[PDB]
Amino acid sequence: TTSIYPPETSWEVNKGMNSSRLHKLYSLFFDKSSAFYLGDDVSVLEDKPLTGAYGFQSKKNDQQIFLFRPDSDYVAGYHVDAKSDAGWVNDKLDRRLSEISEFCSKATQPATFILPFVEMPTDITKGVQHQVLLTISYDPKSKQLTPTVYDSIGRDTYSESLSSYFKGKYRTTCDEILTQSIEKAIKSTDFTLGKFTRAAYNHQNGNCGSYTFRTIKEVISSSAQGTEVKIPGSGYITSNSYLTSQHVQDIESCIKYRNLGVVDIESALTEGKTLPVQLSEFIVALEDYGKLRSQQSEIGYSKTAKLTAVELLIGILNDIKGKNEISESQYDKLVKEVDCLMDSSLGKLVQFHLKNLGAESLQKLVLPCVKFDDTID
């Protein structure tokens, strides 16, 4: 168990997802600068905790929404070979299903449970893991609950499609073992099991993670009321309108440039709070850029140039955090390095932080806190 979610500079959406990153992204849900912001609901009065998840009262409804914090251990393996057994669900995931069942056994209000999880083939050697989303909606008056999976990799086109017969020899997904796990989680045969369905969308053939996150937003908002809206018809025209570029830079800037504790997040979705960006984060980001840039592995600006720049910027940033102040000479030295710190990736980092610090530039940011006298060097 590790408790911080560092800035991963040089991370991009095509570089794939994991439980920690996804959880970090959760912080966006209450940030109004963000297109993932839910002003569609509020938190659940401090009761009914349902461990592992964050609760939400609908502002527009009597409907309650429980979104699970992601887990390295929510995983479903499936056997692609169909002579083999359908698969396994990880005993924690199974556990959470049993727990939903038990939350619903006593529930006076309609609920929706949103669990993100990883779906993988275990026969083959690739072991592509794709980020994927389960939601279970329960109605008390209807005495029943309906499973659904939202799958981003839902490409396949007729040429690459599978015949009814060959489907018999080959599993492309974990639906068999998963439905099994669910009808196992409820049996007093207490509940009617609504039909299991799977929502696929356009042509992915590892961006799955980010679509999953977007879908969580869509799934929550759409539950204040309204049908579920995803790409391939019954929704958005294109994948690009659905997950917009403003959704993307939001996600990327979050992962790429921020340093967030898990406590900070937990508080943030418990109290319906936004997490503003501390200056300490700017410093950590710079440091990580710094470490990564110095690497050799997987009047233009050089490595030692970039590094001296980061060193100096870091220094100044600290002396600002230090009570204290900046000195004239230091301001000059920064000015010489400004055009370098605004260059490329490092620039994007810096612009992110200046934007969220309420400063137009490095000079503007740094200009107060400077002590002057007379003529200085």
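Numbering starts at 1 and runs along the sequence shown.
Can you check if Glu298 is missing its coordinates in at least one third of the other PDB entries compared, counting only those that model the residues either side of it?
Missing in at least a third of the others, so yes.
Note whether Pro70 lacks coordinates in a third or more of the other compared entries that model its flanking residues.
Per the records, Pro70 is modelled in all the other entries.
Which class describes the count of deposited residues lacking coordinates between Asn205 and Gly206: none, 1 to 3, 4 to 9, or 10 or more?
Per the deposited record, the segment joining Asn205 and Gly206 lacks coordinates for 4 to 9 residues.
Averaging CA B factors per stretch from the PDB record, which one is higher: 193-201 or 157-165?
It is 157-165.
Between 22-30 and 35-43, point out the one with the higher average CA B-factor as the PDB entry records it.
Result of the comparison: 35-43.
Say you rank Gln64, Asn318, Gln351, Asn324 by Cα B-factor from the PDB entry; which sits at the top?
Among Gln64, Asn318, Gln351, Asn324, the highest C-alpha B-factor in the entry belongs to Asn324.
Can you tell me which of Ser253, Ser181, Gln131, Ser142 has the maximum CA B-factor listed in the PDB entry?
The listed residue with the largest C-alpha B-factor is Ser142.
Ordered by C-alpha B-factor within the chain, which third holds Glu311? Give me lowest, middle or highest, please.
Bottom third by C-alpha B-factor.
Taking the entry's C-alpha B-factors for this chain, is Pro110 in the lowest, middle or highest third?
Within its chain, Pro110 is a middle-third residue by C-alpha B-factor, going by the deposited values.
Split into thirds by Cα B-factor across the chain's modelled residues, where does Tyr242 land: lowest, middle or highest?
Tercile = highest for this residue's CA B-factor.
Report the third (lowest, middle or highest) to which the CA temperature factor of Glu99 belongs, ranking only the modelled residues of the same chain.
CA B-factor rank for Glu99: lowest third.
Which third, lowest, middle or highest, does the CA B-factor of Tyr236 fall in along this chain?
Its C-alpha B-factor, which the entry lists for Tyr236, ranks in the highest third among residues of this chain.
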